[PDB]
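Participant: Take a look at work-v5.pdb, PDB, C-alpha atoms:
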ATOM      1  CA  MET Y   1      33.425   1.276 -35.634
ATOM      2  CA  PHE Y   2      29.918   0.865 -37.044
ATOM      3  CA  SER Y   3      29.849  -2.811 -36.088
ATOM      4  CA  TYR Y   4      30.989  -2.040 -32.556
ATOM      5  CA  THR Y   5      28.340   0.665 -32.181
ATOM      6  CA  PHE Y   6      25.641  -1.628 -33.549
ATOM      7  CA  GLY Y   7      26.576  -4.464 -31.225
ATOM      8  CA  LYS Y   8      26.629  -2.085 -28.277
ATOM      9  CA  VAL Y   9      23.012  -1.015 -28.812
ATOM     10  CA  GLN Y  10      21.806  -4.396 -30.060
ATOM     11  CA  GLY Y  11      21.786  -6.352 -26.813
ATOM     12  CA  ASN Y  12      19.615  -3.578 -25.370
ATOM     13  CA  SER Y  13      17.398  -3.085 -28.428
ATOM     14  CA  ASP Y  14      14.248  -3.670 -26.402
ATOM     15  CA  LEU Y  15      15.167  -1.071 -23.784
ATOM     16  CA  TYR Y  16      15.773   1.611 -26.395
ATOM     17  CA  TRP Y  17      12.516   0.770 -28.125
ATOM     18  CA  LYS Y  18      10.567   0.989 -24.869
ATOM     19  CA  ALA Y  19      12.019   4.410 -24.108
ATOM     20  CA  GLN Y  20      11.135   5.581 -27.613
ATOM     21  CA  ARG Y  21       7.637   4.176 -27.128
ATOM     22  CA  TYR Y  22       7.204   6.307 -24.032
ATOM     23  CA  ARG Y  23       8.468   9.427 -25.774
ATOM     24  CA  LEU Y  24       6.125   8.899 -28.719
ATOM     25  CA  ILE Y  25       3.103   8.235 -26.511
ATOM     26  CA  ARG Y  26       3.800  11.332 -24.441
ATOM     27  CA  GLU Y  27       4.150  13.426 -27.583
ATOM     28  CA  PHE Y  28       0.896  12.262 -29.146
ATOM     29  CA  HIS Y  29      -1.169  12.118 -25.953
ATOM     30  CA  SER Y  30      -1.349  15.918 -25.785
ATOM     31  CA  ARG Y  31      -1.893  16.803 -29.443
ATOM     32  CA  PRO Y  32      -5.020  18.151 -31.158
ATOM     33  CA  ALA Y  33      -7.152  15.359 -32.571
ATOM     34  CA  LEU Y  34      -7.059  16.784 -36.113
ATOM     35  CA  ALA Y  35      -4.257  16.360 -38.613
ATOM     36  CA  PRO Y  36      -2.065  19.369 -39.434
ATOM     37  CA  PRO Y  37      -3.709  20.659 -42.617
ATOM     38  CA  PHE Y  38      -7.073  20.895 -40.837
ATOM     39  CA  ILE Y  39      -5.561  21.474 -37.383
ATOM     40  CA  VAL Y  40      -6.268  25.201 -37.722
ATOM     41  CA  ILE Y  41      -9.843  24.757 -36.515
ATOM     42  CA  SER Y  42      -8.581  22.728 -33.565
ATOM     43  CA  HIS Y  43      -6.111  25.488 -32.710
ATOM     44  CA  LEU Y  44      -8.942  28.017 -32.830
ATOM     45  CA  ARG Y  45     -10.974  25.792 -30.515
ATOM     46  CA  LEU Y  46      -8.000  25.922 -28.156
ATOM     47  CA  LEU Y  47      -8.001  29.723 -28.346
ATOM     48  CA  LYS Y  48      -5.073  14.338   0.687
ATOM     49  CA  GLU Y  49      -5.673  11.090   2.571
ATOM     50  CA  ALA Y  50      -5.556   9.221  -0.743
ATOM     51  CA  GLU Y  51      -1.873  10.068  -1.127
ATOM     52  CA  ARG Y  52      -1.259   8.985   2.466
ATOM     53  CA  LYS Y  53      -2.882   5.616   1.806
ATOM     54  CA  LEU Y  54      -0.988   5.173  -1.453
ATOM     55  CA  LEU Y  55       2.361   5.915   0.170
ATOM     56  CA  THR Y  56       1.615   3.565   3.058
ATOM     57  CA  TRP Y  57       0.791   0.799   0.586
ATOM     58  CA  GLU Y  58       4.010   1.473  -1.316
ATOM     59  CA  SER Y  59       6.016   1.387   1.907
ATOM     60  CA  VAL Y  60       4.438  -1.911   2.940
ATOM     61  CA  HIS Y  61       5.399  -3.466  -0.373
TER      62      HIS Y  61
ATOM     63  CA  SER I   1     -15.860   0.435  16.696
ATOM     64  CA  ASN I   2     -17.816  -1.940  18.922
ATOM     65  CA  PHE I   3     -17.063  -0.898  22.513
ATOM     66  CA  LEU I   4     -18.474  -2.845  25.454
ATOM     67  CA  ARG I   5     -18.094  -2.311  29.190
ATOM     68  CA  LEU I   6     -18.295  -5.509  31.227
ATOM     69  CA  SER I   7     -17.558  -6.720  34.734
ATOM     70  CA  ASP I   8     -14.142  -8.211  35.425
ATOM     71  CA  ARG I   9     -15.685 -11.460  36.713
ATOM     72  CA  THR I  10     -17.360 -12.405  33.437
ATOM     73  CA  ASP I  11     -17.360 -15.789  31.733
ATOM     74  CA  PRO I  12     -15.407 -15.586  28.446
ATOM     75  CA  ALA I  13     -17.943 -17.860  26.731
ATOM     76  CA  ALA I  14     -20.656 -15.199  26.602
ATOM     77  CA  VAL I  15     -18.182 -12.573  25.388
ATOM     78  CA  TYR I  16     -16.939 -14.866  22.631
ATOM     79  CA  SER I  17     -20.476 -15.721  21.530
ATOM     80  CA  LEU I  18     -21.366 -12.027  21.445
ATOM     81  CA  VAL I  19     -18.319 -11.111  19.369
ATOM     82  CA  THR I  20     -18.736 -14.028  16.973
ATOM     83  CA  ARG I  21     -22.474 -13.638  16.342
ATOM     84  CA  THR I  22     -23.799 -10.186  17.247
ATOM     85  CA  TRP I  23     -20.895  -8.096  15.939
ATOM     86  CA  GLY I  24     -20.263 -10.227  12.851
ATOM     87  CA  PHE I  25     -16.550 -10.800  13.446
ATOM     88  CA  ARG I  26     -15.716 -14.106  11.787
ATOM     89  CA  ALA I  27     -14.004 -16.758  13.864
ATOM     90  CA  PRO I  28     -10.259 -16.021  13.761
ATOM     91  CA  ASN I  29      -7.819 -18.415  12.180
ATOM     92  CA  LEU I  30      -5.353 -17.268  14.859
ATOM     93  CA  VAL I  31      -5.267 -15.063  17.950
ATOM     94  CA  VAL I  32      -2.184 -13.271  19.273
ATOM     95  CA  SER I  33      -2.190 -11.347  22.552
ATOM     96  CA  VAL I  34       0.670  -8.909  23.073
ATOM     97  CA  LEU I  35       2.149  -8.380  26.532
ATOM     98  CA  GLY I  36       4.671  -6.096  28.184
ATOM     99  CA  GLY I  37       4.470  -2.620  29.655
ATOM    100  CA  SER I  38       6.938  -1.189  27.126
ATOM    101  CA  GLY I  39       8.081   1.700  29.286
ATOM    102  CA  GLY I  40       8.311   4.910  27.295
ATOM    103  CA  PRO I  41       5.707   6.195  24.832
ATOM    104  CA  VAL I  42       8.289   5.867  22.039
ATOM    105  CA  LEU I  43       9.649   2.348  21.583
ATOM    106  CA  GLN I  44      12.879   1.009  20.125
ATOM    107  CA  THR I  45      13.078   1.376  16.358
ATOM    108  CA  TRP I  46      14.230  -2.225  15.969
ATOM    109  CA  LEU I  47      11.418  -3.407  18.234
ATOM    110  CA  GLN I  48       8.846  -1.351  16.335
ATOM    111  CA  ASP I  49      10.069  -2.701  13.002
ATOM    112  CA  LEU I  50      10.108  -6.288  14.249
ATOM    113  CA  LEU I  51       6.569  -5.988  15.567
ATOM    114  CA  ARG I  52       4.992  -4.192  12.619
ATOM    115  CA  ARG I  53       6.718  -6.359  10.014
ATOM    116  CA  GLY I  54       6.694  -9.851  11.472
ATOM    117  CA  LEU I  55       3.557 -10.004  13.579
ATOM    118  CA  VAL I  56       1.340  -7.947  11.298
ATOM    119  CA  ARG I  57       2.493  -9.720   8.134
ATOM    120  CA  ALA I  58       1.773 -13.068   9.774
ATOM    121  CA  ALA I  59      -1.691 -11.863  10.754
ATOM    122  CA  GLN I  60      -2.357 -10.527   7.251
ATOM    123  CA  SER I  61      -1.359 -13.796   5.611
ATOM    124  CA  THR I  62      -3.415 -15.864   8.055
ATOM    125  CA  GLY I  63      -6.179 -13.361   8.818
ATOM    126  CA  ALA I  64      -5.895 -13.363  12.604
ATOM    127  CA  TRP I  65      -7.016 -11.327  15.589
ATOM    128  CA  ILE I  66      -4.683  -9.302  17.792
ATOM    129  CA  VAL I  67      -5.544  -8.496  21.413
ATOM    130  CA  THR I  68      -3.723  -5.655  23.163
ATOM    131  CA  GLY I  69      -4.413  -2.943  25.688
ATOM    132  CA  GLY I  70      -6.913  -0.589  24.092
ATOM    133  CA  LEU I  71      -4.746   2.407  24.968
ATOM    134  CA  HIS I  72      -3.289   4.911  22.523
ATOM    135  CA  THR I  73       0.168   4.626  24.084
ATOM    136  CA  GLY I  74       3.253   2.479  23.711
ATOM    137  CA  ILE I  75       2.916  -1.052  22.422
ATOM    138  CA  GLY I  76      -0.846  -0.850  22.004
ATOM    139  CA  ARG I  77      -0.537   2.280  19.889
ATOM    140  CA  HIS I  78       2.220   0.701  17.810
ATOM    141  CA  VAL I  79       0.122  -2.403  17.168
ATOM    142  CA  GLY I  80      -2.860  -0.260  16.229
ATOM    143  CA  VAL I  81      -0.921   1.885  13.782
ATOM    144  CA  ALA I  82       0.771  -1.126  12.193
ATOM    145  CA  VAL I  83      -2.557  -2.926  11.806
ATOM    146  CA  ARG I  84      -4.126   0.145  10.218
ATOM    147  CA  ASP I  85      -1.182   0.473   7.839
ATOM    148  CA  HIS I  86      -1.464  -3.146   6.740
ATOM    149  CA  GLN I  87      -5.233  -2.806   6.353
TER     150      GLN I  87
END
Please lay out the structure from this file as C-alpha coordinates.

Facilitator:
Amino acid sequence: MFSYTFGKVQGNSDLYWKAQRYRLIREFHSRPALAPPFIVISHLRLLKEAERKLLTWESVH
Amino acid sequence: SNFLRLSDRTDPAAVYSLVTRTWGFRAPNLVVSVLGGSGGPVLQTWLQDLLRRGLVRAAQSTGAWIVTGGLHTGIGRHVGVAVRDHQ
(Lines of atoms letter the chains of each structure in order from A and count residues from 1; the text may use other names and numbers.)
(Lines give C-alpha, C1' and ligand atoms only; values in the text may rest on other atoms or scores of the structure.)
Protein backbone atom coordinates (compact mmCIF):
# COMPACT_ATOMS: atom_id res chain seq x y z
CA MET A 1 0.00 0.00 0.00
CA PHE A 2 2.84 2.40 0.81
CA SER A 3 4.54 1.67 -2.51
CA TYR A 4 1.32 2.25 -4.43
CA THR A 5 0.72 5.55 -2.62
CA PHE A 6 4.29 6.67 -3.24
CA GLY A 7 4.14 5.84 -6.93
CA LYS A 8 0.82 7.65 -7.24
CA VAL A 9 2.26 10.94 -5.96
CA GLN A 10 5.70 10.46 -7.50
CA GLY A 11 4.90 11.09 -11.15
CA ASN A 12 3.36 14.40 -10.05
CA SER A 13 6.03 15.33 -7.50
CA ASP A 14 6.68 18.66 -9.20
CA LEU A 15 3.01 19.66 -9.16
CA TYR A 16 2.68 18.98 -5.44
CA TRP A 17 5.86 20.91 -4.73
CA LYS A 18 4.66 23.90 -6.74
CA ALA A 19 1.37 23.99 -4.84
CA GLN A 20 3.26 23.81 -1.55
CA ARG A 21 5.53 26.60 -2.77
CA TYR A 22 2.51 28.81 -3.34
CA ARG A 23 1.05 28.02 0.07
CA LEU A 24 4.35 28.79 1.81
CA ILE A 25 4.86 32.05 -0.08
CA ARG A 26 1.33 33.19 0.71
CA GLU A 27 1.82 32.36 4.38
CA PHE A 28 5.09 34.24 4.74
CA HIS A 29 4.21 37.20 2.51
CA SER A 30 1.86 38.61 5.16
CA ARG A 31 3.85 37.98 8.34
CA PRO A 32 5.61 40.48 10.62
CA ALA A 33 9.24 40.94 9.65
CA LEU A 34 10.51 39.97 13.11
CA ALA A 35 10.95 36.45 14.42
CA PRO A 36 8.54 35.17 17.08
CA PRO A 37 10.52 35.80 20.27
CA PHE A 38 10.92 39.48 19.35
CA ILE A 39 7.68 39.64 17.33
CA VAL A 40 5.95 41.30 20.29
CA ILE A 41 7.22 44.73 19.27
CA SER A 42 6.02 44.11 15.72
CA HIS A 43 2.59 43.14 17.04
CA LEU A 44 2.49 46.35 19.06
CA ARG A 45 3.41 48.30 15.94
CA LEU A 46 0.42 46.64 14.29
CA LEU A 47 -1.80 47.75 17.17
CA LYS A 48 -11.76 51.34 -14.07
CA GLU A 49 -10.64 51.56 -17.70
CA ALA A 50 -7.49 49.63 -16.77
CA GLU A 51 -9.57 46.53 -16.04
CA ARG A 52 -11.43 47.01 -19.32
CA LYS A 53 -8.16 47.13 -21.24
CA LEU A 54 -6.79 44.11 -19.39
CA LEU A 55 -9.88 42.03 -20.10
CA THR A 56 -9.87 43.04 -23.76
CA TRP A 57 -6.23 41.96 -24.03
CA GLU A 58 -7.04 38.65 -22.36
CA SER A 59 -9.96 38.09 -24.71
CA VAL A 60 -7.80 38.82 -27.75
CA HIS A 61 -5.26 36.25 -26.63
CA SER B 1 -7.87 62.44 -34.75
CA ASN B 2 -6.83 64.25 -37.92
CA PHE B 3 -10.07 65.27 -39.67
CA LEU B 4 -10.00 67.00 -43.05
CA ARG B 5 -12.83 68.24 -45.25
CA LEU B 6 -12.03 68.19 -48.96
CA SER B 7 -13.82 68.49 -52.28
CA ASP B 8 -14.99 65.30 -53.97
CA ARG B 9 -13.04 66.12 -57.15
CA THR B 10 -9.61 66.05 -55.51
CA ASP B 11 -6.48 64.36 -56.79
CA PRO B 12 -5.52 61.48 -54.46
CA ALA B 13 -1.82 62.33 -54.83
CA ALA B 14 -2.05 65.48 -52.70
CA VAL B 15 -4.12 63.68 -50.06
CA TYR B 16 -1.61 60.84 -49.87
CA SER B 17 1.32 63.25 -49.60
CA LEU B 18 -0.46 65.15 -46.83
CA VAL B 19 -1.22 61.99 -44.85
CA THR B 20 2.26 60.54 -45.30
CA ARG B 21 4.23 63.69 -44.44
CA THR B 22 2.20 66.26 -42.51
CA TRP B 23 0.30 63.89 -40.21
CA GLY B 24 3.22 61.51 -39.65
CA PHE B 25 1.39 58.31 -40.62
CA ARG B 26 4.05 55.93 -41.90
CA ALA B 27 3.55 54.39 -45.32
CA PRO B 28 1.34 51.32 -44.86
CA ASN B 29 2.60 47.85 -45.60
CA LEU B 30 -0.97 47.06 -46.70
CA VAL B 31 -4.28 48.84 -47.24
CA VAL B 32 -7.71 47.21 -46.97
CA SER B 33 -10.92 49.05 -47.83
CA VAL B 34 -14.14 47.51 -46.54
CA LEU B 35 -17.33 47.69 -48.59
CA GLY B 36 -20.98 46.83 -48.17
CA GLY B 37 -23.94 48.64 -46.66
CA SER B 38 -24.45 45.98 -43.98
CA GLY B 39 -28.13 46.70 -43.42
CA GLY B 40 -28.98 46.75 -39.73
CA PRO B 41 -26.97 48.50 -37.00
CA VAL B 42 -26.30 45.09 -35.42
CA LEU B 43 -24.52 42.63 -37.70
CA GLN B 44 -24.36 38.85 -37.79
CA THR B 45 -22.35 37.37 -34.94
CA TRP B 46 -20.46 35.10 -37.33
CA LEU B 47 -19.76 38.03 -39.63
CA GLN B 48 -18.60 40.20 -36.74
CA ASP B 49 -16.30 37.46 -35.47
CA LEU B 50 -14.88 36.78 -38.93
CA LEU B 51 -14.16 40.45 -39.48
CA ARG B 52 -12.67 41.28 -36.09
CA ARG B 53 -10.56 38.11 -35.93
CA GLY B 54 -9.31 37.59 -39.46
CA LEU B 55 -8.99 41.08 -40.91
CA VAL B 56 -7.76 42.79 -37.76
CA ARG B 57 -5.27 40.04 -36.91
CA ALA B 58 -3.88 40.24 -40.44
CA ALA B 59 -3.54 44.01 -40.11
CA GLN B 60 -1.86 43.69 -36.70
CA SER B 61 0.68 41.18 -37.98
CA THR B 62 1.44 43.25 -41.08
CA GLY B 63 0.77 46.72 -39.69
CA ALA B 64 -1.71 47.90 -42.30
CA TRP B 65 -4.26 50.64 -42.84
CA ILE B 66 -8.01 50.07 -42.98
CA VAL B 67 -10.33 52.44 -44.86
CA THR B 68 -14.05 52.39 -44.07
CA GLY B 69 -16.95 54.79 -43.82
CA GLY B 70 -16.18 57.11 -40.92
CA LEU B 71 -19.63 56.48 -39.44
CA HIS B 72 -20.36 55.07 -36.00
CA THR B 73 -22.84 52.56 -37.41
CA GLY B 74 -22.79 49.06 -38.83
CA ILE B 75 -19.66 47.76 -40.49
CA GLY B 76 -17.69 50.95 -39.91
CA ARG B 77 -18.46 50.86 -36.20
CA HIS B 78 -17.54 47.18 -36.01
CA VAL B 79 -14.21 47.80 -37.74
CA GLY B 80 -13.49 50.71 -35.43
CA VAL B 81 -14.24 48.77 -32.26
CA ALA B 82 -12.23 45.75 -33.41
CA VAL B 83 -9.26 47.95 -34.32
CA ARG B 84 -9.40 49.68 -30.95
CA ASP B 85 -9.56 46.32 -29.18
CA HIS B 86 -6.52 45.02 -31.04
CA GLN B 87 -4.65 48.26 -30.38

Participant: At what distance in Å, to one decimal, does CA of residue 84 in chain I lie from CA of residue 42 in chain I?

Facilitator: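 The value is 18.1 Å.
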
Participant: Can you check which parts of chain I lie within 9 Å of chain Y? Per residue, the shortest pair of atoms and distance in Å to one decimal, counting only C-alpha atoms, sorted by chain and number, as CSV.

Facilitator:
residue,atom,partner,partner_atom,distance
I:53,CA,Y:60,CA,8.7
I:85,CA,Y:56,CA,6.3
I:86,CA,Y:60,CA,7.1

Participant: If we count only C-alpha atoms and set the cut-off at 8 Å, which residues sit around range 70-82 of chain I, ignoring sequence neighbours fewer than 3 positions away in its own chain? Please answer as a ChimeraX atom specification.

Facilitator: /I:36-43,48,51-52,56,85-86

Participant: Return the single residue from I:68, I:45, I:61, I:2 that is closest to residue 19 in chain I, with distances computed using only C-alpha atoms.

Facilitator: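 Comparing I:68, I:45, I:61, I:2 against residue 19 in chain I, the winner is I:2.
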
Participant: Calculate how many Å separate CA of residue 44 in chain Y from CA of residue 27 in chain Y, rounding to one decimal.

Facilitator: 20.3 Å

Participant: Grab the CA of residue 54 in chain Y to CA of residue 87 in chain I distance for me, in Å with one decimal place.

Facilitator: 11.9 Å
